[PDB]
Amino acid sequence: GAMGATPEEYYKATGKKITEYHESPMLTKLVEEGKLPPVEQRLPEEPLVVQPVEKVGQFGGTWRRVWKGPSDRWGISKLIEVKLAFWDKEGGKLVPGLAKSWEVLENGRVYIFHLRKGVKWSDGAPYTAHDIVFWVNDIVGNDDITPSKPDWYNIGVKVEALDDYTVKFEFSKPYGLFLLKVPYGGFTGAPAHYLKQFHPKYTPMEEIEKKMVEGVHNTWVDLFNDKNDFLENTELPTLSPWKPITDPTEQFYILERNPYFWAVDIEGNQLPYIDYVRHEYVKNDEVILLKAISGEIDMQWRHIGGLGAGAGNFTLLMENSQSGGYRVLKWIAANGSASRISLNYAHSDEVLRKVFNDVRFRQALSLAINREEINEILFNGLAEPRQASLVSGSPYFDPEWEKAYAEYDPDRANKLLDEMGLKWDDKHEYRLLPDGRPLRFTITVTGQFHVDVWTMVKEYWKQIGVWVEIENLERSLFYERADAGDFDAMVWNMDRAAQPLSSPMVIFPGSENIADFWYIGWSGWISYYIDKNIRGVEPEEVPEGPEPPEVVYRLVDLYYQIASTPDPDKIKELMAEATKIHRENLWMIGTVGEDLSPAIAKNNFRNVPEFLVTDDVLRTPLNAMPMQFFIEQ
């Protein structure tokens, strides 16, 4: 729902005081038996304050799910994860987490995070900024434990605890993108008080070897990673709302509430609401669907939401909601299109290149597409005729660009080609290029699904006299053709269209070390440009081939601005320009978008959002904030 950084801050915003703290009965029993300190002591001085999605919840219950065993690690992680600052629900802005407030200084060179005094790990030990430092220096920054470094660490970084409750990240140079890393990654750190006994920097190697077990831990790194394993190690102190109390190989993998969890309700209830969450090991997708349909799953999206793409599974989930005692949540995937196309704008054939770089040709090509129709037959009819951009419910969403030339207007396209001078042939069957060649090209795809999509577009484009055929190539040949520039047109999906900036290659040329298909031929010049202007220490050698439009060089400039600026006001304004550019030029021509990625929740399972966009970058379902889910009592 929403986050008050602090009870005081919640009060300042809302006029309501949290005057009293409450706890789950099972925890009250423990403190009465003398085995736990009381909630007032367990909580920090200033807990995170969480506003329910739906209503103030009730304590108790066991949340039944299903998983595919230890292999299915990240499904548990995405229930259990905690951040210094979380994504909001949509995915554009930071929201208080384990940090009550943060600070961006020296133009995105340094970041200060202010922690919450009195936060304790799940075993009772104090959580401090030293646990973060321990994590960045001695785990992430340790070559044995972590041989391959993360993006943000390869940019030079110095991390220090200014005091117990203040941590400072100082980068070499500015680095505005870091704010987008924090809601994704594990910057909350790790429990040094527990882990240092397994670390050679802090413990004599002889003492470490005495705790290794033969036939399992061959090196000390193996022991460390086993101990720092959130899934396997029941003894690992945690900041998560639940902790494992059974082995994941057992048929029931059980998480129990963390009695030191550091967030509360608007009414002062210490979260989570739910006491236990249990996953049953299951053998296959089909056991998952039968248990879902039978109302044996209290709430789940993970495997439900890939099956719900297929028409046979979605119908069945819907048909069974009533008997099953659950509802189907119409969450969407974060793809701007399930199947888009880009033409080869560096085409070797100079005649086709010219036709292809004419905006009007692309405008025409999209207008000839009956998206609504494609929806009905292939998608059944799910989900949304559009082209072909950032999906609805995303920070930088573009409503204009969603509509582009999205209409099914053949007469308008046909006309737009006539404007170009592409004259119809004598049999008025297809039209012709300036050299009298039949206007024809091949659409290159990989996968039977995409064949079907564009096989239908074969017809729609025939109505404007544009001749196409469809070649379906094996994955690796498809990619080798692409890197060689040996194609007329390439189709691909367009996922990661909610928060592009974690995977910016599709919107921004030269934002990553690999290019998207639509500008791949321009990679020579794009690399030459960035090297010259932005660095700006240039290369002495100029590359051959067609140079890109000036509007492409602009998209680069936008990205490198976005990369350097921290305040998300400026980002949203800068992304506006990018999406404007992509609007005026239609380098990607998609059909539809926003596949349904459904979840289910029992009728008595509450505080689950009706609508949601799902993506790995948003850590779905963390995006729904499961710490405040509850079961009616």
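Don't overthink the numbering: it's just position in the shown sequence, from 1.
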Using only C-alpha atoms and the B-factors in the entry, which stretch averages higher, 189 to 197 or 535 to 543? 535 to 543
Looking at the deposited entry, does 453 to 461 or 346 to 354 carry the larger mean Cα B-factor? 453 to 461
Among 422, 277, 161, 263, which residue carries the highest C-alpha B-factor recorded in the PDB entry? 422
Criterion, highest CA B-factor; candidates, 303, 114, 386, 181: 386
Please place residue 208 in the lowest, middle or highest third of its chain according to the CA B-factor in the PDB entry. middle
By the recorded C-alpha temperature factor, relative to the other modelled residues in its chain, which third is residue 107 in? highest
The third of the chain into which the C-alpha temperature factor of residue 38 falls is the lowest
Sorting the chain's modelled residues by C-alpha B-factor, tell me whether residue 579 ends up in the lowest, middle or highest third. highest
Just say lowest, middle or highest third for the CA B-factor of residue 271 relative to the other modelled residues in its chain. lowest
